[PDB]
Structure formats: C-alpha cells, structure tokens
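Using my numbering, you'd call the opening residue of the first sequence number 2 and step up by one each time. Note that CB positions come from ideal geometry on N, CA and C, so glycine has one too. Everything below concerns the one structure shown next.
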Amino acid sequence: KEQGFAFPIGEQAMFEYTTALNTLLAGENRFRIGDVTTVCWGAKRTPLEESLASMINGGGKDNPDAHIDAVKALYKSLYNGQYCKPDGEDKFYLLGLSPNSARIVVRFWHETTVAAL
DNA sequence: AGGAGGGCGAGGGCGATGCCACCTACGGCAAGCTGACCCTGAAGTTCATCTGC
C-alpha cells in the first residue's frame, strides 16, 4: 500500500487531524503527563441540560478544549497536591503521544472520564 | 546386774528495702560528580544492481 494508502485517510480528514494535533501540541491542551506530551480535549459535551442552557446564551457550545483543565488539573494535582476525587461523566479525550524518533508514539489514548483517569 | 539419758515449747514480733534529682548536652547525616552515551525517521531520490530485450 506504500505509505499512506496503508491507512487510507482522506485528504480532508488527514488535514483535519494533523492540524488538530498541531494546534493541541501548540495550544493549552498540550501538557506532559510525565515525560509524555499529551493533548487532552473535551469530548462532545452532553446537550447541556435545558435549565443550565437557559442561562447560557446560544446556548451552550462544545468548545473542544473547554474543561481540559479537569484533566490537566488532575495530573497537575499530583504535583499541586490538590487532588480531588472527581465525579466525571464528562469524557476527556487524552491522546498521550510521544516521539519515537520522527514518528509519533501514541502512549495514551483515553476517551474515558477524568474520574477514570 | 538394771538402771534411766529428756519431757516441752517456744525459735520471731515489727516496721522499714527507700528518699531525691538527673538519663543528657551539642553539632554535623553530607560533599560532588554523573542521571548517560550511540542509533532507530519520514520521505524522497539516488544508485547499484537485474531482468529482460
């Protein structure tokens, strides 16, 4: 299949995830779990139950990198000492990539909640 | 000769066997270095080589 047809990802989809890593490895999403630079972003948030969406205008928007802090400040909690036993159900994608030499080793992949992390 | 050789019951009673404090002071528990070399890449082309012409 020779180098990318081994994994037939469309141009419109290859571009999307490549520039998705590019921004999260250049955004606030990037944070090293330990020696393993990781991009965490919130999954598709629930429909933002009506009452809470009543106050929110628009209403609520799924900003992808919104509550990444919940997971960023979970691993940061190991050094902050500010660990709180979290109740999740807000699932945070956590792609814990790391360099091989010039490939990217996915060391973590967690669609799980910050409680499961 | 035939003797009798103690019988009795006591042999502690009373309390005290410690009092007082002290059982540490001081400071140091590290210094200094290293914590790794080396490579292993994608991607592409070249270049040497092979097959077929």
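(message) Could you pull the DSSP bridge partners for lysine 92 from this structure?
(response) Residue numbering aside, residue 92 sits at position 91 when the first sequence is read from its first letter. Beta-bridge analysis with DSSP links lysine 92 to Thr114.
(message) For the stretch 53-62 against the stretch 73-93, do three or more pairs of beta-carbon atoms, one drawn from each stretch, fall closer than 8 Å, so that the two count as touching?
(response) With a cut-off of 8 Å on Cβ pairs, the stretch 53-62 is not in contact with the stretch 73-93, counting fewer than three such pairs.
(request) Could I get the ranges of all uninterrupted alpha helix (DSSP H) runs contained in the stretch 13-89, with 4 residues as the minimum, in chain order? (result) With a minimum length of 4 residues, the continuous alpha helix (DSSP H) runs that stay inside the stretch 13-89 are 51-56, 69-81.
(message) Between the alpha carbons of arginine 46 and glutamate 90, how many angstroms are there, rounded?
(response) If you number the first sequence from 1, residue 46 lands on position 45. If you number the first sequence from 1, residue 90 lands on position 89. C-alpha of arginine 46 to C-alpha of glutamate 90: approximately 10 Å in a straight line.
(message) Taking a contact to mean a Cβ-Cβ separation below 8 Å, would you say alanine 71 touches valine 115 in this structure?
(response) Mapped onto the first sequence, residue 71 falls at position 70. Mapped onto the first sequence, residue 115 falls at position 114. It is a contact, given that the beta carbons lie within the stated cut-off.
(request) Under 8 Å Cβ to Cβ from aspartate 36, same chain only, skipping five residues before and after it: list those, please. (result) One-based indexing of the first sequence puts residue 36 at position 35. Excluding sequence neighbours, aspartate 36 sits near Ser99.
(message) Would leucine 22 and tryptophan 42 be called neighbours here (beta carbons separated by less than 8 Å)?
(response) Counting from one through the first sequence, the residue named residue 22 turns up at place 21. Counting from one through the first sequence, the residue named residue 42 turns up at place 41. Using a Cβ distance threshold of 8 Å, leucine 22 and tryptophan 42 do not count as a contacting pair.
(request) Confirm, please, whether the CB-CB distance from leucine 118 to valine 40 is below 8 Å. (result) Against the first sequence, residue 40 aligns to sequence position 39. Against the first sequence, residue 118 aligns to sequence position 117. The Cβ-Cβ distance between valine 40 and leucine 118 does not fall below 8 Å.
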